[PDB]
Structures are given as structure tokens and as C-alpha cells.
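Trainee: data_6.cif is the file, holding mmCIF, C-alpha atoms:
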data_structure
#
loop_
_atom_site.label_atom_id
_atom_site.label_comp_id
_atom_site.auth_asym_id
_atom_site.auth_seq_id
_atom_site.Cartn_x
_atom_site.Cartn_y
_atom_site.Cartn_z
CA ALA C 194 -44.20 -10.35 -1.85
CA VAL C 195 -40.81 -8.65 -2.27
CA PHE C 196 -37.65 -10.22 -0.86
CA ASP C 197 -34.26 -8.68 -0.10
CA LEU C 198 -30.58 -9.41 0.47
CA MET C 199 -29.19 -7.99 3.69
CA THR C 200 -26.79 -8.52 6.57
CA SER C 201 -28.05 -9.71 9.96
CA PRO C 202 -26.59 -11.11 13.19
CA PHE C 203 -29.16 -13.91 12.84
CA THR C 204 -28.91 -16.77 10.38
CA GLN C 205 -31.55 -17.64 7.78
CA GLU C 206 -33.55 -20.04 9.97
CA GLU C 207 -33.81 -17.64 12.92
CA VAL C 208 -35.18 -15.03 10.52
CA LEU C 209 -37.64 -17.72 9.40
CA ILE C 210 -38.28 -18.42 13.09
CA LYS C 211 -38.81 -14.69 13.63
CA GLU C 212 -41.07 -14.84 10.57
CA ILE C 213 -42.96 -17.70 12.27
CA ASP C 214 -43.36 -15.64 15.45
CA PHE C 215 -44.45 -12.54 13.54
CA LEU C 216 -46.84 -14.09 11.01
CA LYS C 217 -48.65 -16.33 13.50
CA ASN C 218 -49.59 -13.31 15.61
CA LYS C 219 -50.76 -11.48 12.48
CA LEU C 220 -52.65 -14.62 11.44
CA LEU C 221 -54.36 -14.70 14.84
CA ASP C 222 -55.00 -10.95 14.70
CA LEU C 223 -56.55 -10.98 11.22
CA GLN C 224 -58.60 -14.19 11.47
CA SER C 225 -60.17 -13.00 14.73
CA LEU C 226 -61.53 -9.87 13.03
CA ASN F 5 -24.51 -7.23 -21.19
CA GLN F 6 -20.99 -6.75 -22.69
CA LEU F 7 -19.93 -4.73 -19.62
CA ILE F 8 -16.87 -5.31 -17.44
CA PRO F 9 -17.49 -5.43 -13.66
CA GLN F 10 -16.18 -2.58 -11.53
CA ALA F 11 -14.10 -4.82 -9.26
CA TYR F 12 -12.72 -8.35 -8.70
CA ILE F 13 -9.24 -7.86 -10.23
CA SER F 14 -6.19 -7.49 -7.95
CA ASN F 15 -3.26 -8.49 -10.18
CA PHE F 16 -0.79 -6.63 -7.97
CA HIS F 17 1.21 -9.40 -6.28
CA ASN F 18 2.13 -10.73 -9.72
CA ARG F 19 3.42 -7.26 -10.60
CA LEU F 20 5.14 -7.18 -7.21
CA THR F 21 6.95 -10.35 -8.39
CA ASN F 22 7.11 -9.59 -12.13
CA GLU F 23 10.89 -8.80 -12.07
CA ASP F 24 10.57 -6.10 -14.77
CA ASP F 25 8.55 -3.55 -12.78
CA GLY F 26 11.02 -1.76 -10.52
CA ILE F 27 9.35 -2.61 -7.21
CA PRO F 28 11.72 -2.81 -4.21
CA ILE F 29 9.17 -4.67 -2.07
CA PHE F 30 9.85 -8.20 -3.31
CA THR F 31 12.96 -9.82 -4.78
CA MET F 32 12.19 -13.50 -5.44
CA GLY F 148 1.41 3.64 -31.06
CA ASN F 149 4.48 3.23 -28.86
CA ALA F 150 2.66 3.72 -25.56
CA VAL F 151 2.43 0.90 -23.03
CA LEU F 152 -0.93 2.08 -21.69
CA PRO F 153 -3.82 3.80 -23.55
CA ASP F 154 -4.14 6.62 -21.02
CA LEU F 155 -3.57 9.08 -23.86
CA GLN F 156 -5.06 7.06 -26.77
CA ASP F 157 -8.71 6.35 -27.49
CA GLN F 158 -9.88 2.91 -28.64
CA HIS F 159 -13.12 3.83 -30.51
CA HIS F 160 -15.23 2.26 -27.73
CA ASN F 161 -14.32 -1.37 -28.46
CA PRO F 162 -12.90 -3.06 -25.32
CA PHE F 163 -10.96 -5.64 -27.38
CA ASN F 164 -8.53 -2.87 -28.35
CA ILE F 165 -7.15 -2.81 -24.78
CA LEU F 166 -5.96 -6.41 -25.19
CA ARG F 167 -3.31 -5.23 -27.68
CA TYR F 168 -1.37 -3.68 -24.78
CA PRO F 169 0.97 -6.19 -23.10
CA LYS F 170 0.62 -5.00 -19.48
CA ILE F 171 -3.19 -5.18 -19.62
CA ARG F 172 -3.95 -8.67 -20.92
CA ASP F 173 -1.23 -9.63 -18.44
CA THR F 174 -3.71 -8.43 -15.81
CA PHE F 175 -6.63 -10.19 -17.51
CA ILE F 176 -4.94 -13.59 -17.80
CA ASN F 177 -2.73 -13.68 -14.69
CA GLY F 178 -5.25 -11.71 -12.64
CA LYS F 179 -7.26 -12.89 -9.66
CA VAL F 180 -10.53 -12.08 -7.89
CA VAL F 181 -10.30 -10.32 -4.53
CA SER F 182 -12.66 -9.72 -1.70
CA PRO F 183 -12.57 -6.09 -0.49
CA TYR F 184 -10.92 -5.65 2.88
CA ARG F 185 -13.25 -3.96 5.36
CA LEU F 186 -12.37 -1.96 8.46
CA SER F 198 -4.34 14.14 18.73
CA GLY F 199 -3.14 17.74 18.55
CA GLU F 200 0.28 17.37 16.93
CA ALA F 201 1.47 14.47 14.80
CA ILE F 202 4.78 12.84 15.71
CA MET F 203 6.26 11.49 12.48
CA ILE F 204 8.59 8.53 13.01
CA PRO F 205 10.02 6.77 9.92
CA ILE F 206 9.74 3.02 10.43
CA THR F 207 11.94 0.64 8.48
CA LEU F 208 10.66 -2.87 7.81
CA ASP F 209 13.30 -5.40 6.74
CA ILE F 210 12.02 -8.99 6.87
CA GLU F 211 13.27 -11.81 4.67
CA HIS F 212 10.48 -14.32 4.14
CA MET F 213 10.99 -17.54 2.08
CA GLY F 214 13.70 -16.32 -0.28
CA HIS F 215 12.02 -13.04 -1.14
CA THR F 216 12.34 -10.16 1.31
CA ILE F 217 10.20 -7.25 2.46
CA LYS F 218 12.05 -3.93 2.13
CA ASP F 219 10.34 -0.53 2.36
CA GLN F 220 10.09 2.54 4.59
CA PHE F 221 7.12 4.41 6.00
CA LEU F 222 6.56 7.17 8.50
CA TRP F 223 4.39 6.51 11.52
CA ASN F 224 2.17 9.02 13.28
CA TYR F 225 3.17 8.13 16.84
CA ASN F 226 0.54 10.50 18.24
CA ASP F 227 -2.11 8.65 16.21
CA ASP F 228 -3.32 5.24 17.33
CA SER F 229 -6.39 4.89 15.09
CA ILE F 230 -4.84 1.87 13.33
CA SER F 231 -2.94 -0.81 15.15
CA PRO F 232 0.37 -2.04 13.69
CA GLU F 233 -1.16 -5.52 13.67
CA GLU F 234 -4.06 -4.08 11.68
CA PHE F 235 -1.56 -2.46 9.32
CA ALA F 236 0.42 -5.70 9.01
CA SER F 237 -2.73 -7.64 8.17
CA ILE F 238 -3.46 -4.90 5.63
CA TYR F 239 0.13 -5.02 4.35
CA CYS F 240 0.40 -8.80 3.89
CA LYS F 241 -2.93 -8.87 2.03
CA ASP F 242 -1.70 -6.69 -0.86
CA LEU F 243 1.47 -8.80 -0.91
CA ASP F 244 -0.89 -11.84 -1.13
CA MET F 245 1.08 -13.52 1.66
CA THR F 246 -1.40 -13.53 4.62
CA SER F 247 0.88 -15.89 6.52
CA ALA F 248 -0.35 -14.61 9.96
CA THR F 249 3.21 -14.75 11.38
CA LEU F 250 4.48 -11.96 9.16
CA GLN F 251 1.65 -9.95 10.73
CA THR F 252 3.17 -10.63 14.13
CA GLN F 253 6.76 -10.12 12.98
CA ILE F 254 6.06 -6.89 11.08
CA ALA F 255 4.10 -5.37 13.97
CA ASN F 256 6.62 -6.59 16.59
CA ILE F 257 9.30 -4.66 14.71
CA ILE F 258 6.91 -1.69 14.47
CA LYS F 259 6.11 -1.94 18.20
CA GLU F 260 9.86 -2.15 18.75
CA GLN F 261 10.76 0.90 16.66
CA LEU F 262 7.87 3.01 17.95
CA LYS F 263 8.85 2.24 21.54
CA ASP F 264 12.54 2.89 20.84
CA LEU F 265 11.80 6.32 19.34
CA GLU F 266 8.77 7.37 21.38
CA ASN F 267 10.48 10.39 22.99
CA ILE F 268 13.21 11.15 20.45
CA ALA F 269 10.96 12.65 17.73
CA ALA F 270 9.00 14.79 20.23
CA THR F 271 11.76 17.34 20.86
CA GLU F 272 11.46 21.13 21.21
CA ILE F 273 14.64 22.35 19.52
CA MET F 274 15.32 26.10 19.66
CA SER F 275 18.38 28.38 19.38
CA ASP F 276 18.92 28.04 15.60
CA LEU F 277 21.01 24.90 15.18
CA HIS F 278 21.23 25.58 11.41
CA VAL F 279 23.02 22.33 10.64
CA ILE F 280 24.24 21.19 7.26
CA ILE F 281 22.69 17.92 6.07
CA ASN F 282 24.13 15.35 3.70
CA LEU F 283 21.32 13.06 2.59
CA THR F 284 21.35 9.76 0.70
CA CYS F 285 18.41 7.79 -0.65
CA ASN F 286 18.62 4.19 -1.84
CA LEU F 287 16.16 3.08 -4.53
CA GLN F 288 17.27 0.27 -6.89
CA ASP F 289 20.86 1.42 -7.59
CA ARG F 290 19.66 4.98 -8.35
CA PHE F 291 21.16 6.65 -5.30
CA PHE F 292 20.08 10.25 -4.73
CA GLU F 293 22.43 12.62 -2.93
CA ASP F 294 22.23 16.27 -1.87
CA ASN F 295 23.78 18.78 0.51
CA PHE F 296 21.91 21.72 2.02
CA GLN F 297 21.79 23.79 5.18
CA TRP F 298 18.73 22.94 7.24
CA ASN F 299 17.42 25.01 10.12
CA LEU F 300 15.60 22.63 12.46
CA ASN F 301 14.28 25.57 14.47
CA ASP F 302 11.69 27.02 12.11
CA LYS F 303 9.03 24.49 11.14
CA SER F 304 7.92 26.47 8.09
CA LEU F 305 9.40 24.04 5.54
CA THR F 306 7.88 20.58 5.66
CA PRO F 307 10.51 17.96 4.71
CA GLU F 308 7.85 16.22 2.62
CA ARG F 309 7.37 19.55 0.82
CA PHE F 310 11.16 19.81 0.50
CA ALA F 311 11.12 16.26 -0.89
CA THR F 312 8.52 17.28 -3.48
CA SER F 313 10.44 20.33 -4.74
CA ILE F 314 13.43 18.17 -5.67
CA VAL F 315 11.34 15.61 -7.60
CA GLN F 316 9.39 18.36 -9.40
CA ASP F 317 12.57 20.08 -10.53
CA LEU F 318 14.67 16.97 -11.27
CA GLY F 319 11.80 15.23 -13.09
CA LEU F 320 11.84 12.07 -10.96
CA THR F 321 9.00 9.60 -10.46
CA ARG F 322 6.43 9.70 -7.66
CA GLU F 323 8.22 6.98 -5.65
CA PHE F 324 10.84 9.52 -4.50
CA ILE F 325 8.17 11.65 -2.78
CA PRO F 326 7.96 9.26 0.24
CA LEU F 327 11.54 7.98 0.20
CA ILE F 328 13.27 11.38 0.42
CA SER F 329 10.93 12.49 3.21
CA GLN F 330 11.22 9.15 5.04
CA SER F 331 15.04 9.34 4.89
CA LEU F 332 14.97 12.96 6.13
CA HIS F 333 12.78 12.48 9.20
CA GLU F 334 15.25 9.79 10.28
CA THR F 335 18.02 12.30 9.60
CA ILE F 336 16.06 14.90 11.61
CA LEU F 337 15.65 12.61 14.63
CA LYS F 338 19.40 11.90 14.45
CA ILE F 339 20.16 15.61 14.78
CA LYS F 340 17.37 15.62 17.36
CA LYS F 341 19.18 12.65 18.97
CA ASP F 342 22.55 14.36 19.46
CA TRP F 343 20.70 17.36 20.92
CA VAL F 344 18.75 15.35 23.56
CA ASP F 345 20.91 12.25 24.13
CA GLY F 346 24.43 13.69 24.36
CA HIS F 347 23.29 17.35 24.33
CA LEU F 348 26.07 18.31 21.92
CA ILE F 349 25.13 21.73 20.58
CA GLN F 350 28.05 22.01 18.07
CA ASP F 351 26.50 25.02 16.29
CA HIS F 352 29.93 26.09 15.04
CA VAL F 353 30.13 27.30 11.41
CA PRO F 354 27.81 25.24 9.19
CA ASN F 355 29.86 25.14 6.00
CA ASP F 356 28.95 27.66 3.29
CA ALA F 357 30.48 29.34 0.22
CA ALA F 358 30.70 32.94 1.53
CA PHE F 359 27.47 34.30 0.01
CA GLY F 360 24.68 34.14 2.59
CA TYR F 361 24.79 33.70 6.35
CA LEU F 362 28.48 33.72 7.30
CA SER F 363 30.36 36.42 5.39
CA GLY F 364 33.72 34.86 4.55
CA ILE F 365 34.73 36.71 1.39
CA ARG F 366 31.35 37.94 -0.07
CA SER F 374 26.42 27.48 -1.61
CA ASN F 375 27.39 24.00 -0.45
CA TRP F 376 26.22 21.70 -3.25
CA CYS F 377 23.25 20.71 -5.44
CA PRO F 378 21.25 17.46 -5.51
CA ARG F 379 21.92 14.63 -7.92
CA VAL F 380 20.65 11.13 -8.63
CA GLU F 381 23.79 9.01 -8.97
CA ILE F 382 23.50 5.74 -10.90
CA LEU F 383 26.04 3.47 -9.19
CA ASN H 66 -10.97 -16.99 -16.86
CA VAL H 67 -10.97 -14.37 -14.09
CA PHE H 68 -14.49 -13.14 -14.96
CA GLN H 69 -16.25 -16.41 -14.05
CA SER H 70 -15.38 -16.56 -10.32
CA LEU H 71 -17.34 -13.44 -9.42
CA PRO H 72 -19.08 -13.56 -6.02
CA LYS H 73 -22.82 -13.59 -6.66
CA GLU H 74 -23.85 -11.95 -3.37
CA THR H 75 -21.94 -8.74 -4.17
CA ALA H 76 -22.39 -8.59 -7.97
CA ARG H 77 -25.31 -6.14 -7.53
CA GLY H 78 -23.52 -3.40 -5.59
CA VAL H 79 -24.13 -2.85 -1.89
CA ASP H 80 -27.02 -4.41 0.01
CA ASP H 81 -30.30 -2.58 0.58
CA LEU H 82 -29.84 -2.03 4.32
CA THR H 83 -26.60 -0.11 3.76
CA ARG H 84 -28.25 1.52 0.71
CA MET H 85 -30.91 2.90 3.04
CA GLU H 86 -28.32 3.69 5.74
CA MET H 87 -25.98 5.61 3.42
CA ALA H 88 -29.01 7.42 1.98
CA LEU H 89 -29.91 9.10 5.28
CA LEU H 90 -26.19 9.59 5.92
CA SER H 91 -25.84 11.45 2.62
CA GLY H 92 -27.53 14.82 2.19
CA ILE H 93 -29.59 13.56 -0.74
CA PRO H 94 -33.19 14.31 0.30
CA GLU H 95 -34.83 12.02 -2.25
CA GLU H 96 -32.57 9.19 -1.13
CA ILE H 97 -33.58 10.34 2.35
CA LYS H 98 -37.17 10.23 1.04
CA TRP H 99 -36.61 6.77 -0.44
CA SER H 100 -34.85 5.27 2.58
CA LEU H 101 -37.40 6.69 5.02
CA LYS H 102 -40.12 5.17 2.83
CA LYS H 103 -38.27 1.86 3.00
CA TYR H 104 -37.70 2.23 6.76
CA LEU H 105 -41.40 2.80 7.37
CA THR H 106 -42.23 -0.15 5.11
CA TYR H 107 -39.79 -2.33 7.05
CA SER H 108 -41.10 -0.96 10.36
CA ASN H 109 -44.67 -2.02 9.60
CA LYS H 110 -43.75 -5.37 8.04
CA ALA H 111 -40.66 -6.56 9.94
CA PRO H 112 -39.83 -4.74 13.21
CA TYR H 113 -37.39 -7.45 14.31
CA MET H 114 -34.98 -6.45 11.53
CA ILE H 115 -34.64 -2.76 12.42
CA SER H 116 -34.97 -3.10 16.19
CA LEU H 117 -32.84 -0.71 18.26
CA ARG H 118 -31.47 -3.73 20.15
CA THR H 119 -30.21 -5.21 16.87
CA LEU H 120 -29.10 -1.87 15.36
CA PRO H 121 -27.82 0.47 18.11
CA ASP H 122 -26.64 3.20 15.72
CA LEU H 123 -30.10 3.81 14.29
CA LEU H 124 -31.40 6.08 17.06
CA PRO H 125 -29.43 9.31 16.23
CA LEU H 126 -30.15 8.89 12.50
CA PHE H 127 -33.85 9.49 13.23
CA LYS H 128 -33.24 12.12 15.92
CA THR H 129 -31.82 14.58 13.38
CA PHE H 130 -35.24 14.66 11.68
CA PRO Q 155 -20.50 -10.94 12.15
CA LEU Q 156 -21.92 -10.99 8.62
CA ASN Q 157 -24.72 -13.28 7.47
CA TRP Q 158 -25.98 -12.72 3.92
CA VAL Q 159 -29.56 -13.82 4.55
CA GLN Q 160 -32.64 -13.47 2.37
CA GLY Q 161 -35.03 -10.72 3.40
CA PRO Q 162 -38.61 -11.40 4.42
CA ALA Q 163 -41.51 -11.36 1.98
CA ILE Q 164 -42.97 -7.86 2.29
CA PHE Q 165 -46.55 -7.58 1.06
CA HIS Q 166 -46.18 -4.77 -1.48
CA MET Q 167 -49.38 -4.61 -3.53
CA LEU Q 168 -49.45 -2.97 -6.97
CA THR Q 169 -52.55 -0.78 -6.78
CA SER Q 170 -52.20 1.43 -3.70
CA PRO Q 171 -55.45 2.53 -2.02
CA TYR Q 172 -55.79 4.44 1.23
CA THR Q 173 -58.71 2.81 3.06
CA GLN Q 174 -57.86 -0.31 5.02
CA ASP Q 175 -60.81 -2.53 4.03
CA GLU Q 176 -59.46 -3.01 0.49
CA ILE Q 177 -56.17 -4.36 1.89
CA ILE Q 178 -57.14 -7.06 4.44
CA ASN Q 179 -58.49 -9.60 1.93
CA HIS Q 180 -55.27 -9.53 -0.09
CA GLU Q 181 -53.23 -9.47 3.13
CA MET Q 182 -55.08 -12.47 4.58
CA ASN Q 183 -54.37 -14.30 1.32
CA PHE Q 184 -50.78 -13.11 1.76
CA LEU Q 185 -50.65 -14.61 5.26
CA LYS Q 186 -52.03 -17.85 3.85
CA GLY Q 187 -49.65 -17.42 0.91
CA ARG Q 188 -46.56 -16.90 3.09
CA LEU Q 189 -47.03 -19.02 6.24
CA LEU Q 190 -47.97 -22.15 4.28
CA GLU Q 191 -44.76 -21.84 2.25
CA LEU Q 192 -42.93 -21.23 5.55
CA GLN Q 193 -44.50 -24.19 7.40
CA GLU Q 194 -43.02 -26.77 5.00
CA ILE Q 195 -39.49 -25.53 5.72
CA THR Q 196 -39.93 -26.59 9.36
#
Could you express the structure from this file as C-alpha cells?
Mentor:
Amino acid sequence: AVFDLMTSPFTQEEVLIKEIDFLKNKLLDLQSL
Amino acid sequence: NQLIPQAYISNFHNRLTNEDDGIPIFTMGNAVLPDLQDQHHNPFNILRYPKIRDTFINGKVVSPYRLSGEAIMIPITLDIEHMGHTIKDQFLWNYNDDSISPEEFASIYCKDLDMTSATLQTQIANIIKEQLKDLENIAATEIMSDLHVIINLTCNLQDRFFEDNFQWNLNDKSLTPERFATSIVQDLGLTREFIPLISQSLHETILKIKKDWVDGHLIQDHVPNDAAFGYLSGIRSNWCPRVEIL
Amino acid sequence: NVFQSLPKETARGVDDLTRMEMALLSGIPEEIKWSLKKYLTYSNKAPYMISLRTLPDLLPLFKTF
Amino acid sequence: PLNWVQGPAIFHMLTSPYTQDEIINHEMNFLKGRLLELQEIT
């Protein structure tokens, strides 16, 4: 649970959207097993 | 705590327009600085110096600006009047180098002036693109045959006009004119601002003797004037430099 | 009065992505050790951040190892 | 183009074992602990 400050070509919500796309797959991967 | 940050002070445009610091850019104990005196590790002792709390009170906070086989040195003059105050300086330009655009330099230059007017950046670079294109093949000469000319040189810096006379051979490239500019300032005891200005006013003098060799092709290598001691045996030098306060 | 308008996003130095990038770029092997440990942590936890499509000049920095 | 954005929450656990089965229970609570705080932003 460590955050960071960094530069990105994406804004904050698209990183949160990319966090939505990454965590939901990991949620489906871990709950299935 | 109790620590000064490493950045966020750029009180330079106020010293550009301070009218006591001898800056020719803009017009409109007993030490001054403790660079030889300790302060016993209390930072309040640096506020006793008048040119330092001037930078703490009148200072600002900046954001940091973020960004070939033989160099062709072309001295570029920049003379632009801009709302009462002017812009007057001189700088060489590596014509063979194109790593920085003149518009990129002019946006760099008007940031330290704290102008950033975005039409100075056009007008500075348009003069630079003028003077590079006017001199693009006049500083790339190949002079041989021992021209050995005499050179009178003048340098203008805030009514402190420097003047010298010497015989220059623009056939051997052993002596850099910047190195020749440094040997005068080392021996005369002048400030560091005469290191660029003597060299920048000599490259323009060089490309003028280069000019008469390539434009009109006047050789005129006929007795560079001496005092009968060295090259031409008359009876068996010319002058010595000086900084004249007019 | 000039020490209150400090930008808060750059009052800590440089950011961590450049701090890892300059670490491999320097010859400091423990900073190379630290940044490679951070790069493998960020590879397992957030591959969208250090994707080669996002960062094109990341591929030769790993090829020299 | 610069965008000073906050980095993602990386699950860095204090005690560091080497077998995987002692990580998944804290990581599943991390996925519950991170996606539920991320769902309310939407």
C-alpha cells in the first residue's frame, strides 16, 4: 500500500481506469483460485 | 527544519535593472559578500549584507527551464530596444552547430530577463537568422600566404573603452583569440566580463580581414607597421593595450 | 515572503521514475540494484506504467545488462 | 507532456516470506482494500 509521485502521459483518472482494468482481472484471477 | 531550500530564488532581473550593478543588458568587515568570512553557522548573519537580503526580499520563485567537425564562430550582435529599456550584448555563434535553435535561445534569453513577451523571441531570432545567413560563408575562409596584418581593436563596455594594437597572423591558428583575450585580462587585472567581449570583438575583426580577402580579394600584405625589432629589419613594437576611461 | 510560494510537487527533489532512470544511467551499482528492484516491483504490480509503448527509451537500458 | 499524477498503491508487505501461500490472503484483502476505495471514485 505504497503510493508514488511520477510523470505520465495519462491523467489521474486514466491511471485509475488502468487500475480498474488491472485490479478487476487480478480480482477475478484470485477469487477463482 | 530550519533549512533553506536549494532552489526557488531567481532575483536576477531585479539586479539586471538595479542601476548600480554595471550590467549593459538593460538600461531602464568591509566586504559586500561573505565569500571570505565565516558566520559561525547562524544563517541570520547573512542578512547583515545588503546585496543578500536584497535577494531575500525582492526575490522571486522560479520554475526550472527544461530542454560537426569544425566550429564556425560568428559573433552575433543583438540590439533591440523594448519598452524604454534596450537589449545590448554580443555573443559568438557556432554556425556549424545547430543543436539549439535561435528561437530556443531567444526563449531562453527572455526568461532570464523576465520578459517572456513571445515577440522578442521572434525579433531576437529573426536578427540572429539574419546575421547567421549574412555571414554564413564569410567566416568559413581558408586564408594562407601569411597576411600578417596589424590590428587595432576597440571594446565598448560602460564607458571603459579598451584599446590595443598588435600584429596578428591570420594564417597560423595556434593562438585562439579567446585565449588572446584571456591573456590581456589576466595581466591587466580586469573582470571576467572582458573575456567574452574582447574575443567577440576580435572574431568580428577577423571576419572583416577575412571579408577583404574573399569579397574584394585585396591582398595588401605590404609592410605591417613595426618598430624595427622583429620581422622587418628597419634599423635593428607597435603599441600596448590600455583600458581608456572616456 | 519568497519562501512560502514553494511548489509542493517539486519540494522533495526529483520524482521516483527519474530517480530510478538516472540510477541505471549512473554507474552506481547499488542505485542500479535499487532501481532494478523498483523496476521489478513495478513490473509485477503495474505493467501499464513501464510499458515499452509508453516508455520507448527503456529497451536499451535493460539490454546493457 | 507532463502530468504529475499519484502512483498506484503497490502491495508492499512488511514481513517478506518466500512461499506464495502466505501472500494471497493479505493480497486478496489488499484487492478488497484497494478496489473498494477505487469504486467510490467512479
Trainee: Could you list the residues in chain F lying within 9 Å of chain H, using all atoms listed in the file, and format the result as number ranges by chain?
Mentor: F: 8-9, 12-13, 175-180, 182
Trainee: Once the PyMOL selection byres ((chain C) within 12 of (chain H)) has been evaluated on this model, what residues remain selected, and can you format them as a ChimeraX atom specification?
Mentor: /C:194-203,207-216,219
Trainee: How would the residues just chosen look if you wrote them out with C-alpha atoms as a JSON list (two decimals), in the coordinates of the input?
Mentor:
[["chain", "number", "residue", "atom", "x", "y", "z"],
["C", 194, "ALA", "CA", -44.20, -10.35, -1.85],
["C", 195, "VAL", "CA", -40.81, -8.65, -2.27],
["C", 196, "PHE", "CA", -37.65, -10.22, -0.86],
["C", 197, "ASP", "CA", -34.26, -8.68, -0.10],
["C", 198, "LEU", "CA", -30.58, -9.41, 0.47],
["C", 199, "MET", "CA", -29.19, -7.99, 3.69],
["C", 200, "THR", "CA", -26.79, -8.52, 6.57],
["C", 201, "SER", "CA", -28.05, -9.71, 9.96],
["C", 202, "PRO", "CA", -26.59, -11.11, 13.19],
["C", 203, "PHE", "CA", -29.16, -13.91, 12.84],
["C", 207, "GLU", "CA", -33.81, -17.64, 12.92],
["C", 208, "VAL", "CA", -35.18, -15.03, 10.52],
["C", 209, "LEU", "CA", -37.64, -17.72, 9.40],
["C", 210, "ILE", "CA", -38.28, -18.42, 13.09],
["C", 211, "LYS", "CA", -38.81, -14.69, 13.63],
["C", 212, "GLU", "CA", -41.07, -14.84, 10.57],
["C", 213, "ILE", "CA", -42.96, -17.70, 12.27],
["C", 214, "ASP", "CA", -43.36, -15.64, 15.45],
["C", 215, "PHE", "CA", -44.45, -12.54, 13.54],
["C", 216, "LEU", "CA", -46.84, -14.09, 11.01],
["C", 219, "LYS", "CA", -50.76, -11.48, 12.48]]
Trainee: Name the residues captured by the PyMOL selection byres ((chain Q and resi 168-180) around 12) when it is applied to the shown file; answer as a PDB file with C-alpha atoms, in the frame of the given file.
Mentor:
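That gives us selection.pdb:
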ATOM      1  CA  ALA C 194     -44.200 -10.350  -1.850  1.00  0.00           C
ATOM      2  CA  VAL C 195     -40.810  -8.650  -2.270  1.00  0.00           C
ATOM      3  CA  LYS C 219     -50.760 -11.480  12.480  1.00  0.00           C
ATOM      4  CA  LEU C 220     -52.650 -14.620  11.440  1.00  0.00           C
ATOM      5  CA  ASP C 222     -55.000 -10.950  14.700  1.00  0.00           C
ATOM      6  CA  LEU C 223     -56.550 -10.980  11.220  1.00  0.00           C
ATOM      7  CA  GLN C 224     -58.600 -14.190  11.470  1.00  0.00           C
ATOM      8  CA  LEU C 226     -61.530  -9.870  13.030  1.00  0.00           C
TER       9      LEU C 226
ATOM     10  CA  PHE Q 165     -46.550  -7.580   1.060  1.00  0.00           C
ATOM     11  CA  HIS Q 166     -46.180  -4.770  -1.480  1.00  0.00           C
ATOM     12  CA  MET Q 167     -49.380  -4.610  -3.530  1.00  0.00           C
ATOM     13  CA  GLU Q 181     -53.230  -9.470   3.130  1.00  0.00           C
ATOM     14  CA  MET Q 182     -55.080 -12.470   4.580  1.00  0.00           C
ATOM     15  CA  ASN Q 183     -54.370 -14.300   1.320  1.00  0.00           C
ATOM     16  CA  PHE Q 184     -50.780 -13.110   1.760  1.00  0.00           C
ATOM     17  CA  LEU Q 185     -50.650 -14.610   5.260  1.00  0.00           C
ATOM     18  CA  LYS Q 186     -52.030 -17.850   3.850  1.00  0.00           C
ATOM     19  CA  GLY Q 187     -49.650 -17.420   0.910  1.00  0.00           C
ATOM     20  CA  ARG Q 188     -46.560 -16.900   3.090  1.00  0.00           C
TER      21      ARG Q 188
END
Trainee: So the first atom is atom CA of residue 204 of chain C and the second is atom CA of residue 194 of chain Q; what is the distance between them in Å, to one decimal place?
Mentor: 18.1 Å
Trainee: Give me the residues of chain Q that have any atom at most 8 Å from an atom of chain H; for each, the nearest atom pair and the distance in Å, rounded to one decimal. Use all atoms listed in the file, sort by chain and number, and format it as a tab-separated table.
Mentor:
residue	atom	partner	partner_atom	distance
Q:158	CA	H:74	CA	7.6
Q:162	CA	H:111	CA	7.6
Q:164	CA	H:110	CA	6.3
Q:165	CA	H:110	CA	7.8
Trainee: Could you spell out the hits of the PyMOL selection byres ((chain F and resi 347-356) around 7) on the shown file, as a compact mmCIF listing (two decimals) with C-alpha atoms, keeping the file's coordinate frame?
Mentor:
# COMPACT_ATOMS: atom_id res chain seq x y z
CA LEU F 277 21.01 24.90 15.18
CA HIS F 278 21.23 25.58 11.41
CA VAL F 279 23.02 22.33 10.64
CA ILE F 280 24.24 21.19 7.26
CA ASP F 342 22.55 14.36 19.46
CA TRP F 343 20.70 17.36 20.92
CA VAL F 344 18.75 15.35 23.56
CA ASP F 345 20.91 12.25 24.13
CA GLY F 346 24.43 13.69 24.36
CA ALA F 357 30.48 29.34 0.22
CA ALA F 358 30.70 32.94 1.53
CA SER F 374 26.42 27.48 -1.61
CA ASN F 375 27.39 24.00 -0.45
Trainee: Using only C-alpha atoms, find the one residue out of F:380, F:276, F:185, F:301 that sits nearest to chain Q.
Mentor: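 Checking each of F:380, F:276, F:185, F:301 against chain Q, counting only C-alpha atoms, the winner is F:185.
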Trainee: If I take atom CA of residue 164 of chain F and atom CA of residue 148 of chain F, how far is one from the other in Å, to one decimal?
Mentor: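 Atom CA of residue 148 of chain F lies 12.2 Å from atom CA of residue 164 of chain F.
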Trainee: Please provide the set of residues having any atom within 10 Å of residue 300 of chain F, restricted to all atoms listed in the file, with same-chain residues fewer than 3 positions apart removed, written as an MDAnalysis selection string.
Mentor: chainID F and resid 272:279 297 303:305 336 339:340
Trainee: How would you write as a PDB file with C-alpha atoms, in the coordinates of the input the residues that get within 12 Å of (15.4, 1.9, -2.5) in the file's frame, counting all atoms listed in the file?
Mentor:
ATOM      1  CA  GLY F  26      11.020  -1.760 -10.520  1.00  0.00           C
ATOM      2  CA  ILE F  27       9.350  -2.610  -7.210  1.00  0.00           C
ATOM      3  CA  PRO F  28      11.720  -2.810  -4.210  1.00  0.00           C
ATOM      4  CA  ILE F  29       9.170  -4.670  -2.070  1.00  0.00           C
ATOM      5  CA  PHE F  30       9.850  -8.200  -3.310  1.00  0.00           C
ATOM      6  CA  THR F 207      11.940   0.640   8.480  1.00  0.00           C
ATOM      7  CA  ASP F 209      13.300  -5.400   6.740  1.00  0.00           C
ATOM      8  CA  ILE F 217      10.200  -7.250   2.460  1.00  0.00           C
ATOM      9  CA  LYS F 218      12.050  -3.930   2.130  1.00  0.00           C
ATOM     10  CA  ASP F 219      10.340  -0.530   2.360  1.00  0.00           C
ATOM     11  CA  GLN F 220      10.090   2.540   4.590  1.00  0.00           C
ATOM     12  CA  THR F 284      21.350   9.760   0.700  1.00  0.00           C
ATOM     13  CA  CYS F 285      18.410   7.790  -0.650  1.00  0.00           C
ATOM     14  CA  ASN F 286      18.620   4.190  -1.840  1.00  0.00           C
ATOM     15  CA  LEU F 287      16.160   3.080  -4.530  1.00  0.00           C
ATOM     16  CA  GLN F 288      17.270   0.270  -6.890  1.00  0.00           C
ATOM     17  CA  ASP F 289      20.860   1.420  -7.590  1.00  0.00           C
ATOM     18  CA  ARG F 290      19.660   4.980  -8.350  1.00  0.00           C
ATOM     19  CA  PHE F 291      21.160   6.650  -5.300  1.00  0.00           C
ATOM     20  CA  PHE F 292      20.080  10.250  -4.730  1.00  0.00           C
ATOM     21  CA  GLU F 323       8.220   6.980  -5.650  1.00  0.00           C
ATOM     22  CA  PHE F 324      10.840   9.520  -4.500  1.00  0.00           C
ATOM     23  CA  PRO F 326       7.960   9.260   0.240  1.00  0.00           C
ATOM     24  CA  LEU F 327      11.540   7.980   0.200  1.00  0.00           C
ATOM     25  CA  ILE F 328      13.270  11.380   0.420  1.00  0.00           C
ATOM     26  CA  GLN F 330      11.220   9.150   5.040  1.00  0.00           C
ATOM     27  CA  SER F 331      15.040   9.340   4.890  1.00  0.00           C
TER      28      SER F 331
END
